[PDB]
Amino acid sequence: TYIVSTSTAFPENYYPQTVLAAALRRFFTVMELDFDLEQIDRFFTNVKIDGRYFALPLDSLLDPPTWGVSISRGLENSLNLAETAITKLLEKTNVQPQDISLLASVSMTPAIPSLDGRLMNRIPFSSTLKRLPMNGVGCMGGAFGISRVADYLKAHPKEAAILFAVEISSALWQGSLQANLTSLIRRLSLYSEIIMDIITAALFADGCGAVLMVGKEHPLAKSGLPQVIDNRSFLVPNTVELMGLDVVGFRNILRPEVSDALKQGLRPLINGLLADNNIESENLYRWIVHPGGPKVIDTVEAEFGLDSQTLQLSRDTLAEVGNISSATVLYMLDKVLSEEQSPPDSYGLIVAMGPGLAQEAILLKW
Amino acid sequence: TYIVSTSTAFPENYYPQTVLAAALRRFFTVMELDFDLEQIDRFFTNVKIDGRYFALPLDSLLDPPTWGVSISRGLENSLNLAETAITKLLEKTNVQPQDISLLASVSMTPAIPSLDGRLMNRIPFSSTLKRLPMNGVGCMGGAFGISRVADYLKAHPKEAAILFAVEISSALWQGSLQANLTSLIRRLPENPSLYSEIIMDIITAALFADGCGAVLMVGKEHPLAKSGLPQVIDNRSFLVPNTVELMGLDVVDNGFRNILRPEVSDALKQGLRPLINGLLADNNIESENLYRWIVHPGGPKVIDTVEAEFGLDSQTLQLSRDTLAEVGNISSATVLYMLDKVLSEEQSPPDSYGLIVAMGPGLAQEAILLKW
Ligand SMILES: C[C@@H](CCCC[C@@H](C)Cl)Cc1cc(O)cc(O)c1
């Protein structure tokens with residue numbers, strides 16, 4: 001199974017992290033919330049993000065629209081970004097939509113029917129297009145989706161598939177964060193809850209990524225493209241409460257313990273996958289690690305004894321676009337394929353972590 | 001790919017359809033809503049359902065709990081039913097959880113992480129279990145799940161997979177239906193166009209129910225792949241262009257709203273015959289030689305439409321009507337309940353062909369070709 005090409009799509013408004021921090025400080029100031037505002041600045045700086053794309057508005061932070069309207073805009077933005085990314089992908093590869101056998105999607109955006117079904121009215125896919133709409137995987141979704149498409153293409157060596165991941169984190173800013181922070185600060189053991197919501201506001205951003213993958217018999221399956229040679233999943237027992245998304249609007253759950261609980265899954269997962277492919281982690285030329293946060297990046301480095309430069313792509317990505325959740329690893333893979341040189345027959349590893357607590361690893365070979 | 005076994009799981013409270021109709025009438029009356037109460041009886045009767053399982057309380061009609069409490073209850077009940085069904089499936093097949101390679105789930109219950117991930121803490125699956133949590137498919141999810149798992153097992157002939165589907169339709173009775181019907185009826189005098197909206201919500205209240213089905217599927221080289229079992233020999237999807245608005249589930253201010261427009265049955269015709277005719281033709285089969293049909297009963301009109309389109313004798317879809325009467329429309333789980341009934345029927349004649357058909361949001365249709 002071969003990764004042939006990638007693309008990304010972002011909304012029009014890129015906000016410097018300092019603008020975002022200032023907007024939230026305005027909110028605390030207007031609502032007379034008793035909390036150190038330097039905590040807002042400290043967390044927005046310490047996540048090491050230079051700016052983020054928000055598809056949904058910031059100008060209405062003090063007067064958010066209704067929940068129904070925010071869901072409607074989030075759905076429309078998700079569809080628009082996904083259409084843009086898919087159309088760029090087909091164009092750069094000169095592939096016709098009718099020649100795509102499977103369209104796989106990941107997104108936390110509420111969509112029944114799913115985003116991939118809706119896109120069939122915007123792009124002239126065949127009416128018998130196979131679809132793989134996935135959810136419940138959060139930040140892990142991009143890596144997760146690549147593994148699922150690879151497993152499909154193992155049985156369909158002649159076919160082509162598109163995976164896309166899109167998330168609208170800015171939906172958080174349409175009332176959920178405002179209400180929750182106001183209530184928590186006013187009742188202030190709740191200090192950690194306020195910190196978590198501030199971290200959520202500092203970290204998460206919007207965007208979309210897409211990947212074209214083909215089986216070994218497809219005409220686009222050529223040497224020098226990354227090959228998915230194996231993949232594996234891991235779920236750490238009894239960690240459901242550490243990460244996820246609770247409907248309340250909604251609240252992002254990201255407990256401080258997450259980075260430590262990752263150690264329980266990372267090495268069992270990756271070391272077992274590599275051993276079963278007769279290589280060691282030190283054989284890997286390229287790591288593509290989802291930047292859940294600065295501490296996640298540091299933990300992966302420590303667990304595998306990596307040099308300070310090996311995960312630089314995770315840090316640069318986080319600086320450039322923030323944590324765009326499931327889409328992040330696709331953006332990163334896009335950077336590798338577009339801007340970087342990969343030695344022939346070198347090995348790469350995609351790693352992502354998300355709610356469950358779950359981790360996903362994909363072994364690549366050029 | 002072989003279908004080895006099936007199981008179901010239902011909550012403890014089964015309500016007669018007449019009690020449910022009376023509960024909604026009581027809500028209209030206590031709220032003093034100016035709507036013809038006989039329309040509730042009409043639709044609760046015309047869906048041809050005798051009773052339904054409700055996991056969530058009927059008292060929430062008059063005293064709705066908070067949105068978060070209802071979501072938490074829905075999640076807990078989804079997990080409990082799925083665990084029961086999976087455990088019954090593993091016990092009846094004498095299969096250890098560690099020998100399951102893939103666990104696929106379909107459900108509209110909001111769950112991040114997905115229900116299949118949470119179940120790994122209840123059932124000793126191995127930590128490297130592969131998961132396939134699908135969503136955005138609604139009533140079609142059962143048949144859709146079968147197809148995706150069959151596609152997976154094409155590439156993994158020695159592996160075993162479990163699919164489960166679970167839906168808690170009674171969540172709409174925890175405040176969404178009450179809020180929407182109230183607003184729609186009260187705005188009706190100034191806006192007559194809202195009448196069809198009120199009927200739709202009444203139909204939703206009449207039709208959808210709770211439950212769970214699960215299926216064990218294995219690849220051709222698995223030791224459980226034996227001749228008597230139904231084999232998935234092909235499957236196909238279809239999506240009808242420009243029909244998103246006819247069926248789905250929207251998140252709104254009132255909570256959730258189920259969308260099911262009267263035009264669905266007619267739009268069904270646009271997809272059903274190209275889908276099924278093409279699937280059958282590509283496998284050198286004609287519909288008249290099908291031994292069995294397993295058609296998701298989206299409604300009585302849906303059943304009649306499938307019957308008419310394929311010129312079926314009206315006993316051919318009797319299992320759709322019997323299922324609707326017994327448990328109502330339990331959405332993605334329904335075809336799994338139906339398949340479980342079939343596997344308790346007379347040993348299907350060897351080399352007999354069967355077709356699973358289900359329709360759902362998109363508007364999308366899924367057809368699966370079985371051979372016994
Ligand atoms: C829009 C919200 C809605 C919450 C779930 C409610 C439904 C299951 Cl009923 C989810 C979301 C969060 C996020 O951080 C990025 C996204 O793309 C999407």
# chains A, B, ... in the order shown; residues from 1 in each chain; ligands from 1
>>> residues_near_ligand(ligand="ligand 1", cutoff="8 Å", atoms="only C-alpha atoms and all ligand atoms", output="PyMOL selection string")
(chain A and resi 70-71+74+78+107-110+166-172+204+206+245-247+249-250+252+325) or (chain B and resi 108-111+251+256)
>>> closest_atom_pairs(of="chain A", to="chain B", cutoff="9 Å", atoms="only C-alpha atoms", output="JSON lines")
{"residue": "A:66", "atom": "CA", "partner": "B:253", "partner_atom": "CA", "distance": 7.0}
{"residue": "A:67", "atom": "CA", "partner": "B:253", "partner_atom": "CA", "distance": 5.8}
{"residue": "A:68", "atom": "CA", "partner": "B:252", "partner_atom": "CA", "distance": 4.3}
{"residue": "A:69", "atom": "CA", "partner": "B:252", "partner_atom": "CA", "distance": 7.9}
{"residue": "A:71", "atom": "CA", "partner": "B:251", "partner_atom": "CA", "distance": 7.0}
{"residue": "A:72", "atom": "CA", "partner": "B:251", "partner_atom": "CA", "distance": 8.6}
{"residue": "A:108", "atom": "CA", "partner": "B:112", "partner_atom": "CA", "distance": 8.5}
{"residue": "A:110", "atom": "CA", "partner": "B:251", "partner_atom": "CA", "distance": 7.3}
{"residue": "A:111", "atom": "CA", "partner": "B:136", "partner_atom": "CA", "distance": 5.8}
{"residue": "A:112", "atom": "CA", "partner": "B:136", "partner_atom": "CA", "distance": 4.3}
{"residue": "A:113", "atom": "CA", "partner": "B:136", "partner_atom": "CA", "distance": 4.6}
{"residue": "A:114", "atom": "CA", "partner": "B:136", "partner_atom": "CA", "distance": 4.1}
{"residue": "A:115", "atom": "CA", "partner": "B:136", "partner_atom": "CA", "distance": 7.8}
{"residue": "A:117", "atom": "CA", "partner": "B:362", "partner_atom": "CA", "distance": 5.9}
{"residue": "A:118", "atom": "CA", "partner": "B:244", "partner_atom": "CA", "distance": 6.8}
{"residue": "A:120", "atom": "CA", "partner": "B:241", "partner_atom": "CA", "distance": 7.4}
{"residue": "A:121", "atom": "CA", "partner": "B:241", "partner_atom": "CA", "distance": 6.0}
{"residue": "A:126", "atom": "CA", "partner": "B:238", "partner_atom": "CA", "distance": 8.8}
{"residue": "A:127", "atom": "CA", "partner": "B:238", "partner_atom": "CA", "distance": 5.4}
{"residue": "A:128", "atom": "CA", "partner": "B:238", "partner_atom": "CA", "distance": 4.6}
{"residue": "A:129", "atom": "CA", "partner": "B:237", "partner_atom": "CA", "distance": 6.7}
{"residue": "A:130", "atom": "CA", "partner": "B:237", "partner_atom": "CA", "distance": 6.2}
{"residue": "A:131", "atom": "CA", "partner": "B:237", "partner_atom": "CA", "distance": 8.3}
{"residue": "A:132", "atom": "CA", "partner": "B:134", "partner_atom": "CA", "distance": 7.3}
{"residue": "A:133", "atom": "CA", "partner": "B:134", "partner_atom": "CA", "distance": 5.6}
{"residue": "A:134", "atom": "CA", "partner": "B:134", "partner_atom": "CA", "distance": 4.5}
{"residue": "A:135", "atom": "CA", "partner": "B:134", "partner_atom": "CA", "distance": 6.1}
{"residue": "A:136", "atom": "CA", "partner": "B:114", "partner_atom": "CA", "distance": 4.2}
{"residue": "A:137", "atom": "CA", "partner": "B:113", "partner_atom": "CA", "distance": 5.8}
{"residue": "A:138", "atom": "CA", "partner": "B:112", "partner_atom": "CA", "distance": 6.9}
{"residue": "A:148", "atom": "CA", "partner": "B:132", "partner_atom": "CA", "distance": 8.0}
{"residue": "A:151", "atom": "CA", "partner": "B:152", "partner_atom": "CA", "distance": 6.8}
{"residue": "A:152", "atom": "CA", "partner": "B:152", "partner_atom": "CA", "distance": 5.9}
{"residue": "A:153", "atom": "CA", "partner": "B:155", "partner_atom": "CA", "distance": 8.4}
{"residue": "A:154", "atom": "CA", "partner": "B:155", "partner_atom": "CA", "distance": 5.8}
{"residue": "A:155", "atom": "CA", "partner": "B:155", "partner_atom": "CA", "distance": 4.5}
{"residue": "A:156", "atom": "CA", "partner": "B:155", "partner_atom": "CA", "distance": 8.3}
{"residue": "A:232", "atom": "CA", "partner": "B:128", "partner_atom": "CA", "distance": 6.8}
{"residue": "A:233", "atom": "CA", "partner": "B:128", "partner_atom": "CA", "distance": 5.1}
{"residue": "A:234", "atom": "CA", "partner": "B:128", "partner_atom": "CA", "distance": 4.6}
{"residue": "A:235", "atom": "CA", "partner": "B:127", "partner_atom": "CA", "distance": 5.4}
{"residue": "A:236", "atom": "CA", "partner": "B:127", "partner_atom": "CA", "distance": 6.9}
{"residue": "A:237", "atom": "CA", "partner": "B:121", "partner_atom": "CA", "distance": 6.1}
{"residue": "A:238", "atom": "CA", "partner": "B:121", "partner_atom": "CA", "distance": 6.2}
{"residue": "A:240", "atom": "CA", "partner": "B:118", "partner_atom": "CA", "distance": 6.8}
{"residue": "A:243", "atom": "CA", "partner": "B:113", "partner_atom": "CA", "distance": 7.9}
{"residue": "A:244", "atom": "CA", "partner": "B:112", "partner_atom": "CA", "distance": 5.2}
{"residue": "A:245", "atom": "CA", "partner": "B:112", "partner_atom": "CA", "distance": 5.4}
{"residue": "A:246", "atom": "CA", "partner": "B:112", "partner_atom": "CA", "distance": 7.2}
{"residue": "A:247", "atom": "CA", "partner": "B:68", "partner_atom": "CA", "distance": 6.3}
{"residue": "A:248", "atom": "CA", "partner": "B:68", "partner_atom": "CA", "distance": 4.6}
{"residue": "A:265", "atom": "CA", "partner": "B:127", "partner_atom": "CA", "distance": 8.9}
{"residue": "A:269", "atom": "CA", "partner": "B:128", "partner_atom": "CA", "distance": 7.7}
{"residue": "A:354", "atom": "CA", "partner": "B:113", "partner_atom": "CA", "distance": 8.2}
{"residue": "A:355", "atom": "CA", "partner": "B:113", "partner_atom": "CA", "distance": 5.0}
{"residue": "A:356", "atom": "CA", "partner": "B:113", "partner_atom": "CA", "distance": 5.2}
{"residue": "A:357", "atom": "CA", "partner": "B:113", "partner_atom": "CA", "distance": 7.9}
{"residue": "A:358", "atom": "CA", "partner": "B:117", "partner_atom": "CA", "distance": 8.1}
>>> atom_distance(atom1="atom CA of residue 80 of chain B", atom2="atom CA of residue 56 of chain B")
12.7 Å
>>> residues_around(residues="segment 338-342 of chain B", least_positions_apart="6", cutoff="8 Å", atoms="only C-alpha atoms", output="PyMOL selection string")
chain B and resi 5-8+294+319-320+323
>>> select_by_dssp(residues="segment 139-238 of chain A", states="alpha helix (DSSP H)", output="ChimeraX atom specification")
/A:141-155,176-187,191-203
>>> write_last_selection(atoms="C-alpha atoms", output="PDB file, in the first residue's frame")
ATOM      1  CA  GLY A 141      -7.886  10.296  13.848  1.00  0.00           C
ATOM      2  CA  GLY A 142      -5.384  11.077  11.092  1.00  0.00           C
ATOM      3  CA  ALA A 143      -2.991   8.278  11.990  1.00  0.00           C
ATOM      4  CA  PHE A 144      -5.957   6.011  12.751  1.00  0.00           C
ATOM      5  CA  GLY A 145      -7.496   6.672   9.350  1.00  0.00           C
ATOM      6  CA  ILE A 146      -4.286   5.927   7.472  1.00  0.00           C
ATOM      7  CA  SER A 147      -4.122   2.510   9.177  1.00  0.00           C
ATOM      8  CA  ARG A 148      -7.740   1.698   8.300  1.00  0.00           C
ATOM      9  CA  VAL A 149      -7.319   2.702   4.655  1.00  0.00           C
ATOM     10  CA  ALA A 150      -4.107   0.658   4.450  1.00  0.00           C
ATOM     11  CA  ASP A 151      -5.953  -2.381   5.816  1.00  0.00           C
ATOM     12  CA  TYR A 152      -8.675  -1.907   3.174  1.00  0.00           C
ATOM     13  CA  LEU A 153      -6.201  -1.501   0.333  1.00  0.00           C
ATOM     14  CA  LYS A 154      -4.507  -4.767   1.342  1.00  0.00           C
ATOM     15  CA  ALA A 155      -7.633  -6.490  -0.040  1.00  0.00           C
ATOM     16  CA  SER A 176     -18.539  26.515  25.735  1.00  0.00           C
ATOM     17  CA  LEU A 177     -15.264  27.933  27.069  1.00  0.00           C
ATOM     18  CA  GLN A 178     -16.920  31.216  28.083  1.00  0.00           C
ATOM     19  CA  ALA A 179     -19.647  29.571  30.166  1.00  0.00           C
ATOM     20  CA  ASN A 180     -17.428  26.927  31.746  1.00  0.00           C
ATOM     21  CA  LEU A 181     -14.657  29.346  32.724  1.00  0.00           C
ATOM     22  CA  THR A 182     -17.117  31.841  34.202  1.00  0.00           C
ATOM     23  CA  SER A 183     -18.833  29.191  36.333  1.00  0.00           C
ATOM     24  CA  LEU A 184     -15.617  27.531  37.487  1.00  0.00           C
ATOM     25  CA  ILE A 185     -13.867  30.789  38.434  1.00  0.00           C
ATOM     26  CA  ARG A 186     -16.936  32.037  40.317  1.00  0.00           C
ATOM     27  CA  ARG A 187     -17.203  28.831  42.378  1.00  0.00           C
ATOM     28  CA  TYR A 191      -8.316  25.394  40.069  1.00  0.00           C
ATOM     29  CA  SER A 192      -7.236  22.439  37.912  1.00  0.00           C
ATOM     30  CA  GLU A 193     -10.493  22.599  35.946  1.00  0.00           C
ATOM     31  CA  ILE A 194      -9.873  26.260  35.065  1.00  0.00           C
ATOM     32  CA  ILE A 195      -6.287  25.454  34.068  1.00  0.00           C
ATOM     33  CA  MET A 196      -7.498  22.655  31.784  1.00  0.00           C
ATOM     34  CA  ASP A 197      -9.984  24.928  30.022  1.00  0.00           C
ATOM     35  CA  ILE A 198      -7.326  27.640  29.560  1.00  0.00           C
ATOM     36  CA  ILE A 199      -4.927  25.029  28.150  1.00  0.00           C
ATOM     37  CA  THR A 200      -7.670  23.857  25.791  1.00  0.00           C
ATOM     38  CA  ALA A 201      -8.110  27.459  24.634  1.00  0.00           C
ATOM     39  CA  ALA A 202      -4.341  27.885  24.140  1.00  0.00           C
ATOM     40  CA  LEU A 203      -3.790  24.618  22.248  1.00  0.00           C
TER      41      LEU A 203
END
>>> residues_around(residues="residue 217 of chain B", least_positions_apart="6", cutoff="12 Å", atoms="only C-alpha atoms", output="PyMOL selection string")
chain B and resi 1-6+89-90+93+95+100-104+145-154+156-164+223-226+229-232
>>> closest_residue(among="B:302, B:168, B:285, B:330", to="residue 371 of chain B", atoms="only C-alpha atoms")
B:285
>>> select_by_dssp(residues="segment 52-292 of chain A", states="strand (DSSP E)", output="number ranges by chain")
A: 52-53, 102-106, 130-134, 160-168, 206-214, 227-235, 243-247, 250-254, 286-289
>>> residues_around(residues="residue 52 of chain A", least_positions_apart="6", cutoff="9 Å", atoms="only C-alpha atoms", output="list in words")
residues 13, 14, 15, 16, 17, 20, 203, 204, 205, 206, 319, 320, 321, 322, 323 and 324 of chain A
>>> write_last_selection(atoms="C-alpha atoms", output="short mmCIF file (atom, residue, chain, number, x, y, z; two decimals), in the first residue's frame")
data_model
loop_
_atom_site.label_atom_id
_atom_site.label_comp_id
_atom_site.auth_asym_id
_atom_site.auth_seq_id
_atom_site.Cartn_x
_atom_site.Cartn_y
_atom_site.Cartn_z
CA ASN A 13 -8.41 33.83 9.28
CA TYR A 14 -5.00 33.16 10.86
CA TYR A 15 -4.75 34.69 14.36
CA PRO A 16 -1.46 35.32 16.18
CA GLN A 17 -1.36 33.53 19.51
CA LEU A 20 -6.02 35.00 20.88
CA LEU A 203 -3.79 24.62 22.25
CA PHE A 204 -6.45 23.67 19.70
CA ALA A 205 -6.90 25.05 16.19
CA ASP A 206 -8.72 24.41 12.91
CA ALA A 319 4.37 26.57 16.18
CA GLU A 320 2.93 27.04 12.67
CA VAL A 321 -0.70 25.94 13.08
CA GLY A 322 -1.34 24.80 16.66
CA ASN A 323 -2.93 21.47 17.53
CA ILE A 324 -5.40 20.87 14.67
#
>>> atom_distance(atom1="atom CA of residue 223 of chain A", atom2="atom CA of residue 84 of chain A")
27.9 Å
>>> closest_residue(among="A:190, A:348, A:230, A:359", to="residue 292 of chain A", atoms="only C-alpha atoms")
A:359
>>> residues_around(residues="residue 306 of chain B", least_positions_apart="5", cutoff="10 Å", atoms="only C-alpha atoms", output="ChimeraX atom specification")
/B:265,268-269,272-273,295,297,301,311-312,317,357
>>> write_last_selection(atoms="C-alpha atoms", output="mmCIF file, in the first residue's frame")
data_model
loop_
_atom_site.group_PDB
_atom_site.id
_atom_site.type_symbol
_atom_site.label_atom_id
_atom_site.label_comp_id
_atom_site.auth_asym_id
_atom_site.auth_seq_id
_atom_site.Cartn_x
_atom_site.Cartn_y
_atom_site.Cartn_z
ATOM 1 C CA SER B 265 -39.721 6.602 0.368
ATOM 2 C CA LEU B 268 -35.529 5.484 -1.965
ATOM 3 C CA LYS B 269 -36.701 4.355 -5.404
ATOM 4 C CA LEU B 272 -32.685 0.939 -4.526
ATOM 5 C CA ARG B 273 -33.029 -0.530 -7.988
ATOM 6 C CA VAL B 295 -34.756 -5.419 4.665
ATOM 7 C CA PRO B 297 -37.998 -1.640 8.252
ATOM 8 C CA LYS B 301 -44.214 2.604 3.662
ATOM 9 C CA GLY B 311 -42.501 -7.128 -7.435
ATOM 10 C CA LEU B 312 -42.194 -9.193 -4.260
ATOM 11 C CA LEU B 317 -40.719 -9.085 3.643
ATOM 12 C CA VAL B 357 -30.893 -4.105 2.430
#
>>> decode(residues="segment 27-85 of chain A", atoms="C-alpha atoms", output="compact mmCIF listing (two decimals), in the first residue's frame")
# COMPACT_ATOMS: atom_id res chain seq x y z
CA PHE A 27 -13.39 38.15 28.24
CA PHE A 28 -12.10 37.72 31.79
CA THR A 29 -11.94 41.51 32.18
CA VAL A 30 -15.47 42.24 30.95
CA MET A 31 -16.98 39.43 33.06
CA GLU A 32 -14.93 40.55 36.10
CA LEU A 33 -13.58 37.03 36.60
CA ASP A 34 -11.21 36.84 39.57
CA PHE A 35 -8.18 35.03 38.17
CA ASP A 36 -4.58 35.87 37.39
CA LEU A 37 -4.57 36.96 33.75
CA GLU A 38 -0.86 36.20 33.52
CA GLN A 39 -1.97 32.56 33.75
CA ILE A 40 -3.73 33.01 30.40
CA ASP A 41 -0.58 34.54 28.90
CA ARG A 42 1.70 31.91 30.45
CA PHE A 43 -0.24 28.95 29.04
CA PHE A 44 -0.76 30.55 25.62
CA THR A 45 3.00 31.16 25.45
CA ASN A 46 4.07 27.82 26.93
CA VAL A 47 2.18 25.68 24.41
CA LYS A 48 4.69 27.12 21.89
CA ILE A 49 2.18 28.10 19.20
CA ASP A 50 2.82 31.20 17.09
CA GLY A 51 -0.71 31.41 15.66
CA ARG A 52 -3.78 29.38 14.77
CA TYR A 53 -6.52 29.31 12.14
CA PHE A 54 -10.09 29.73 13.45
CA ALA A 55 -12.86 28.99 10.96
CA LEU A 56 -15.50 30.34 13.38
CA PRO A 57 -15.56 33.97 14.56
CA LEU A 58 -13.62 35.53 17.41
CA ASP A 59 -15.31 38.96 17.19
CA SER A 60 -18.45 37.62 18.94
CA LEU A 61 -16.64 36.13 21.93
CA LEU A 62 -18.59 38.23 24.44
CA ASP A 63 -21.91 37.71 22.57
CA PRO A 64 -21.83 34.16 21.18
CA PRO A 65 -24.55 33.04 18.75
CA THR A 66 -26.84 30.11 19.47
CA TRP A 67 -25.59 26.53 19.67
CA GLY A 68 -27.61 25.51 16.61
CA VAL A 69 -26.07 28.25 14.47
CA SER A 70 -22.54 27.40 15.64
CA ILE A 71 -23.05 23.73 14.73
CA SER A 72 -24.37 24.80 11.33
CA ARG A 73 -21.33 26.98 10.61
CA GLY A 74 -18.97 24.28 11.87
CA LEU A 75 -20.58 21.76 9.52
CA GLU A 76 -20.33 24.16 6.58
CA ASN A 77 -16.71 25.03 7.32
CA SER A 78 -15.80 21.35 7.71
CA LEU A 79 -17.37 20.59 4.34
CA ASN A 80 -15.65 23.57 2.67
CA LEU A 81 -12.18 22.71 3.95
CA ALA A 82 -12.66 19.03 3.08
CA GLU A 83 -13.83 19.87 -0.45
CA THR A 84 -10.88 22.23 -0.96
CA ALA A 85 -8.33 19.67 0.23
